[PDB]
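By convention in this document, chain letters (A, B, ...) are assigned in the order of the sequence lines, proteins followed by strands, and residues within each chain are numbered from 1. Both counts, for ligands and for their atoms, begin at 1 and track the order of listing. Computed over heavy atoms, backbone and side chain alike; hydrogens, waters and symmetry mates excluded.
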Amino acid sequence: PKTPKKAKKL
Amino acid sequence: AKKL
Amino acid sequence: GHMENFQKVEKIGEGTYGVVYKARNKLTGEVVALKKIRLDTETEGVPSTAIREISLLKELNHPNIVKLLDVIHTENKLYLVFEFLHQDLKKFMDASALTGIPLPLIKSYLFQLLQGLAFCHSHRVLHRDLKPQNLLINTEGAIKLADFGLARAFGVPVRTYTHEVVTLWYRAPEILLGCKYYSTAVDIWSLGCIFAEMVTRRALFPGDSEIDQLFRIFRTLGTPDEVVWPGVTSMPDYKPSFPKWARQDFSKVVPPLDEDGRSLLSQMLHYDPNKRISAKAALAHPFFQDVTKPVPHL
Amino acid sequence: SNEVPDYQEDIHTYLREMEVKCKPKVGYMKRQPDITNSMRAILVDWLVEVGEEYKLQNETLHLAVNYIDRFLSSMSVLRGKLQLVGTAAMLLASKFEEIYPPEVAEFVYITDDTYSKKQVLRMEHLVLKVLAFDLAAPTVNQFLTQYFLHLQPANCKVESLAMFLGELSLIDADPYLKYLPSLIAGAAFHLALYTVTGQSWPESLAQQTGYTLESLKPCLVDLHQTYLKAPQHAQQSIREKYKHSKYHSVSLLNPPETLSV
Ligand SMILES: Nc1ncnc2c1ncn2[C@@H]1O[C@H](COP(=O)(O)OP(=O)(O)O)[C@@H](O)[C@H]1O
Ligand SMILES: [Cl-]
Ligand SMILES: [Mg+2]
Ligand SMILES: [Mg+2]
């Protein structure tokens, strides 16, 4: 289980 | 865009 | 001290955000965990995750929250220096997988996690990444919240925050369903998942995608409707075509748990974030009446 | 679908403790050899415009100002570097507060290349060092949003007007550095409520905050004057911002001529 990354803007 |  | 004063012992960890060494202070002998953050790869300066992690950890002084000892900030590098703890709860669970964690220890760990979390919430901090690998245990029976890199100071009332937060297996249904607002209830959901996982020795909702995660929850807790969760059918990611599954009896879900344990778990897993149990209220639950602090077997 | 109740009282108590600890030194500007309250006003007014251009939260603006005042409390700064301090402060506030902080190259752009990327990043490091990474400061904004909960049902016009008044306080270090954010928020809330509905600071808020209407008076006298004189002030960005319909055009509302008080 890997911590999620902020989705790219737009 | 401004130089103060 | 400073960088030349630390002797690196072993690499104990990595995660989406950082690289962690066990290290010792060459002058005082103190054993620490060094979380190394690379600025050079960063042409955007200090990462938002590190800024939040540091500022918030410095405000949170509690027996159940990992202690930040120092921060070493160079032009090229950022080191966070933490107290060193024996291992994380994931590694403990794995080592306990055949035997099981004794019930008194499970109750102790959950009680302590709730104390740490209640302290966070009372300090307007959401953790947002609670899972076993982010929880640290020592040899004396303590467990502590760690890994604050996803944490955020929250407003009263909250506004829309980052949609991509909790690790999938631990992620609350209001996030999966795309709610524009979430709050402290998301951490309680994560802890509920971890509680169940300590009891059954396996992840409660091991989804392999967001839809699979959602359906695993529905299959266990029943597909929610307007009655159990007002507003649910209006959530951005809800579809009326979702299969409608009946809720299972917790005797099937968490067989080893007594009546009090099942009651507490069901309240931590309540669908409606507004009615989900708070960390503070959970601490007052009858389940914890007998709570002790046993030593783990390591 | 917001829920705040179980830890809400604790949060308010904690923020009241931290605003004292995060307060800038009130008299710091007299110890700055080269910069003045007027330069600071120009800087903050510009940050308002930057926040609008980048669609940043009001909270980000309030934090940046707190960072600036705390940095200038211990660091002498020449006038030609003041915008660099402000820019780094806004970048840090954005990183703390926003989902999407603008990239450093954008902050460089918005100064019209007055400073380089290297300078902005080096200044970020210095500000972090000087503030010892203590970035989670209470703001007038955080207290306002808690106060707003005492209006049932919500009044969006009162909220907009209160935010406007709270933001105007950022511009003028004299008088507003004398007051804690919770007290400024209280004066702004009352003044806004009174202007819009004719009502007054509610007993529920007097109980929670410990501030009687009486204890808000000195700050209220100041804020009322500031409100009356806003169309004449050299700095106009906040008024322009709050003319917009998203704010219910509250900056176009006429202030009450007198306070019942
Ligand atoms: N203070 C500590 N003591 C012992 N091990 C730690 C400590 N901090 C982190 N670790 C180990 O390193 C791993 C990664 O650390 P974490 O702070 O969670 O980084 P990331 O944000 O990259 O996941 C953890 O899962 C844990 O097993
Ligand atoms: Cl894990
Ligand atoms: Mg981690
Ligand atoms: Mg992390």
Exercise. Say whether D/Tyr7 and C/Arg124, considering side chains only, have a donor N or O and an acceptor N or O under 3.5 Å apart.
Key: no
Quiz item: Hey, are C/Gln133 and C/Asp88 close enough side-chain-wise for a donor-acceptor pair under 3.5 Å?
Solution: no
Quiz item: For C/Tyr238, what residues pass the ring pair (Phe, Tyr, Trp, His ring centres under 6.0 Å) criterion, not counting sequence neighbours?
Solution: C/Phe242
Self-check item: Proximal atoms of ligand 1 relative to C/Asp88 (non-hydrogen, under 4.0 Å)
Solution: 25 (O), 26 (C), 27 (O)
Quiz item: If you measure every N/O of C/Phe82 against every N/O of ligand 1, is any gap under 3.5 Å?
Solution: no
Exercise. Go through the side-chain N and O atoms of C/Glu59 and D/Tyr14 and say whether any donor and acceptor fall under 3.5 Å apart.
Key: yes
Quiz item: Do C/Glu174 and D/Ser1 have side-chain atoms, one donor and one acceptor, less than 3.5 Å apart?
Solution: no
Quiz prompt | Contacting atoms of ligand 1, where contact means under 4.0 angstrom from a heavy atom of C/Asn134 | solution = 18 (O)
Self-check item: Neighbour count above 12 (heavy atom, 6.0 Å) for D/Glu9 CD
Solution: no
Quiz item: Quick one: which of C/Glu83, C/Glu14, C/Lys144 has a heavy atom closest to atom 14 (C) of ligand 1?
Solution: C/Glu14
Self-check item: Protein heavy-atom partner closest to atom 21 (O) of ligand 1 - residue, atom, separation in Å
Solution: C/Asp147 OD2, 3.1 Å
Quiz prompt | Under 2.8 Å from the Mg ion (ligand 3) - protein N/O/S, by chain and number | solution = C/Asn134 OD1, C/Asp147 OD2
Quiz item: Should the proximity of C/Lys91 to ligand 1, defined as any heavy atom under 4.0 Å, be assigned to the side chain, the backbone, both, or neither?
Solution: side chain
Self-check item: Atoms in ligand 1 flagged as close to C/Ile12, the criterion being non-hydrogen separation under 4.0 Å
Solution: 4 (C), 5 (N), 6 (C)
Quiz item: Does the side chain of C/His285 come under 3.5 Å of the side chain of C/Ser263 through a donor N or O and an acceptor N or O?
Solution: yes
Practice problem: For residues 57-105 of chain C, pull every pair meeting ring pair (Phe, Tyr, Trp, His ring centres under 6.0 Å), keeping only residues two or more places apart or in separate chains. | Solution: C/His62-C/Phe119, C/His73-D/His125, C/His73-D/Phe133
Quiz item: Among side-chain atoms of C/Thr160 and C/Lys180, is any donor-acceptor pair under 3.5 angstrom?
Solution: no
Quiz item: Hey, is C/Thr16 touching ligand 1 through its side chain, its backbone, both or neither, going by heavy atoms under 4.0 Å?
Solution: backbone
Practice problem: Name all residues meeting the ring pair (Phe, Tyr, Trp, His ring centres under 6.0 Å) criterion together with C/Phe287; count only those two or more places apart in sequence or in a different chain, and write none if there are none. | Solution: C/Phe195
Quiz prompt | Donor + acceptor pair across side chains of C/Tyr182, D/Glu3 (<3.5 Å) | solution = no
Quiz item: Could C/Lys91 and C/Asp94 be called an ion pair, given the rule that one side-chain N must be under 4.0 Å from one carboxylate O?
Solution: no
Quiz item: What atoms of ligand 1 come closer than 4.0 angstrom to any heavy atom of C/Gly13?
Solution: 12 (O), 13 (C)
Quiz item: Which protein non-hydrogen atom lies closest to atom 24 (C) of ligand 1, naming both residue and atom, and how far is it?
Solution: C/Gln133 O, 3.5 Å
Quiz item: Which atoms of ligand 1 are found less than 4.0 Å from any heavy atom of C/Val20?
Solution: 12 (O), 14 (C), 15 (O)
Self-check item: Close N or O approach (C/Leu136, ligand 1; < 3.5 Å)
Solution: no
Quiz prompt | Region of C/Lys35 engaging ligand 1 - heavy atom pairs below 4.0 Å | solution = side chain
Quiz item: If we only count N/O pairs under 3.5 Å, is C/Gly18 in contact with ligand 1?
Solution: yes
Exercise. Considering only non-hydrogen protein atoms, determine which one is nearest to atom 4 (C) of ligand 1 and report residue, atom name and distance to 0.1 Å.
Key: C/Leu85 O, 3.0 Å
Quiz item: Between C/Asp129 and C/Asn134, is any side-chain donor less than 3.5 angstrom from a side-chain acceptor?
Solution: yes
Quiz prompt | Non-hydrogen atom of A/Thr3 closer than 4.0 Å to ligand 1 | solution = no
Practice problem: From the options C/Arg201, C/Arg202, C/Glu197, select the one residue that forms a side chain to side chain contact (heavy atoms under 4.5 Å, CB included) with C/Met93. | Solution: C/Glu197
